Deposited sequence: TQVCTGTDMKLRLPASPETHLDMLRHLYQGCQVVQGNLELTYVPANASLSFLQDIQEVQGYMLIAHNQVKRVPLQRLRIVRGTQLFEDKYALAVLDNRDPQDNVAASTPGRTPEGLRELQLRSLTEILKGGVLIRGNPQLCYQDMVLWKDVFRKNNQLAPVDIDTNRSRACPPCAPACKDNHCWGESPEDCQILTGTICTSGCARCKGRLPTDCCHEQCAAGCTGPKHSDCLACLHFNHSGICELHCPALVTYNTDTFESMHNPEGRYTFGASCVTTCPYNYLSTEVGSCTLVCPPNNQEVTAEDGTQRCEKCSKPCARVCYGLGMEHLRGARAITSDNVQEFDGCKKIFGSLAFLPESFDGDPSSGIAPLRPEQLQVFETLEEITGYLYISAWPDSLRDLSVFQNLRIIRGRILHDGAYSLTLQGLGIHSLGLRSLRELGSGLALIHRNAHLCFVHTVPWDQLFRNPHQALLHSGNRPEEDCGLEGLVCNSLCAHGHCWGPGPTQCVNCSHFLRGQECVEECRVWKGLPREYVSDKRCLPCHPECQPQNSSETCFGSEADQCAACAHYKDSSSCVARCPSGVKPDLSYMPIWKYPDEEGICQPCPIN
C-alpha cells in the first residue's frame, strides 16, 4: 500500500538477526507513511536499506541505533510528528552507530526533513558521523516546538569536510551539493510559520506542515492535521450536522487523513474516529457483515475476558499459574497471550507454581485474540499447539515488539496443530529455532494474511525436505496438501467427509461399527436403538423415529430400549403403563 505500521522494540536486540532485515523489508517496502515509530536498529555493515526510500512521513519517533551501515537512505522523509517520543522526549534519536573497532553511519542526509512537530533530537556515540552540527535545527522544529532539546554530541574519530560551496547558507545534512539544508521556517516573513521563500507571496497556508508549492491548502508538502482528499484541513468533516442530520461529506479520522471508511482491523467510534481500542466502558459490535464499531454501554458493560497488556494485566509479562484460570470459558480475549520460560519454570521466591500442561486446557474455548500470541516456551510433553485448536483469528491489534502477531521461538514442538487458525489480522508471524518442527510449510499462510506487509519469517526449524522424507506430510484426504500437523485431524479443509473433527474417506452408511447418516459432508450417528441393516441404510436422521428398524422395542413411532412403565407426561397425573408385544410392539397395560 502506502500507509504502514511502525514498531516498538526500542533498543532491544532482535530475536532473529537471521531474519531482522527481511522484517524491515516487509514492513517498509513501498511504505510512504509510517504510523508509529520508525526504528532502524542492528543493521549490519553491508545491508541494503533501499526499501526505505519512499518514506515521507513518520507519525511517532524515528530511532536509528546500533547499525554498522554507512548510509541510511531516508532522503524523501519530510516530517516526523512525534505523537510518541523516545525516552519520552526525542522525535529523532541517532545512537551508537559504530563497530567495536571503518564502519558506522557517516552522514544523516535527511535533506527532505523540514518538520518536527514535537520532541527534540538526540545524537550520541556516532564516531564517523558528520554534519549533525550543521543543521539549523530550529528551522526544522515547528515554531511552537522551539524549546525542544538538542542533545547532539560531536565526538569523532574523523575530520569533517565543509558544507559544499553551493550551499547558499552554511547549512547541510552531508557533503554533497544535493544535501544542502532547505530552510522553510526561519526565513519566513511575519506571522508565517512555513514558506517556500523570503517574501510573503511565498507563505504557506497555516494548515501546511513542512513547506509548500504555493499559497493554497492544496499545495502543502505535508498536512499539519488532516488530509481531506488533497486539501489540508484543521478537522475532518463531521458525520452529523446540526434539527441535526447525517452528513454525506462525513469522514472518519485515521492518522493524518480523512477516510470514507475505517481501514481493515480498525473500529469506528460514534464520533467518527478509527481505533485499535475502544474508549472505556464501550463494547465492540460486529456489524453482521464485516465492520466493527465502538459503542458506549448505556448500563453496565457485559463481563469480558482481558488478556495481557489490558486493564489488570496491563503490566503482566506472561501467562502463569496465578492467572491461567481467569481464562476459563473465554471465547474472546481482549489483549494478548505470551508464554515465556518463566511461565513453565515458576519462581520459588514468590512461590509461583510452574504452569502445568493440564491448566492450558482452559484455552480450548478460545476462538479469538485481539492482540498477539507469543510462545517462547512450551511443555516438552506437548508435541503441538493443540490447546489452541479452536483459535480462529489473531487480530494483531497489539503486536509483540510492535511487529509480530504470532511468535513461536525455541520450542520443542513437532507440528503446529493450530487447525482453526484462519486469520492473522495484521503483523508478521515469526517461527524460528524450533529444531523438531515440521508442518510449517504445509500451512497456506497467504490465506491467513490480510495486508501485503505481512509475511511469515522462519529459520532454524526442520528443513521441509527432511520432513518430507520421513512421512511427515499432509494426510492425503486434506484438500490441496494444506494441513497443520500429521494425520486426518489436521486438514485446513476436508476433501471428503468429517466424523467429528476427523477427515474420512467414507461415512458408515453401509459398513461400520455404529451406523451413520450423511448431512453436509458430516458423518452423523444413527440412534443407538436403530437396528443396523445388512442391505440398506440404517437410519436417515438422528432420532429414534428415524431408523429403518428397531434393535429392541417400539413405542408408537420410535425405537426404545424399554417400554414405558409408569411414565407421566409433563403436566399430567395419568402415567403410561406399557408392555412389549410378542413382536416387540409396546402395547397399553389393561390396568392403571
- Task: Can you give me the gaps, meaning deposited-sequence stretches with no C-alpha coordinates, in sequence order?
- Result: 102-112, 254-258
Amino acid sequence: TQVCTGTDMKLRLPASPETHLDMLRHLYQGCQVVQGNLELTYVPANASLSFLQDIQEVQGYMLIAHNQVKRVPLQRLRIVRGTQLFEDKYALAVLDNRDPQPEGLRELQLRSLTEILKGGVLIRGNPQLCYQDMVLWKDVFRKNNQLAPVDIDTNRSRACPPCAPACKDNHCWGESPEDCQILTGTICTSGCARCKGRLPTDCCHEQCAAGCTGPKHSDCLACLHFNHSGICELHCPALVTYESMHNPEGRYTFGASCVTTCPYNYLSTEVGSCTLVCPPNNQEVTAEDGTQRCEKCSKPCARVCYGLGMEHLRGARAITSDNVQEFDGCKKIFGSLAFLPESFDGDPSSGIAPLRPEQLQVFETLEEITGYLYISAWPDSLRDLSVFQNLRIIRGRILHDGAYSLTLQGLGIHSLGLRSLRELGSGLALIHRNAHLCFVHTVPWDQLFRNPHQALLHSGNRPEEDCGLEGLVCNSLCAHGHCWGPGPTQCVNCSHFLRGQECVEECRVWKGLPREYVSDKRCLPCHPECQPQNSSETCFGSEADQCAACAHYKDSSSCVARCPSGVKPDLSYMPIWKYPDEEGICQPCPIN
From here on, numbers count along this sequence of modelled residues.
- Task: Pick between 162-170 and 476-484: the one whose mean CA B-factor in the entry is higher.
- Result: 162-170
- Task: Report the stretch with the higher mean CA temperature factor, choosing between 461-469 and 492-500 on the basis of the entry.
- Result: 461-469
- Query: Which listed residue, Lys118, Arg303, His217, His436, has the largest C-alpha temperature factor in the record?
  - Reply: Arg303
- Message: By the CA temperature factor listed in this entry, which of these ranks top: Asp322, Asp151, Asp99, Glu284?
- Response: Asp99
- Ranked against its chain, the third holding the CA B-factor of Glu57: middle
- Message: Going by the CA temperature factor in the PDB record, which third of the chain does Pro17 belong to: lowest, middle or highest?
- Response: lowest
- Item | CA B-factor placement of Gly346, once the chain's modelled residues are sorted into thirds | highest
- Going by the recorded CA B-factors, say which third of the chain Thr186 sits in, lowest, middle or highest. lowest
- Message: Going by the CA temperature factor in the PDB record, which third of the chain does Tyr404 belong to: lowest, middle or highest?
- Response: middle
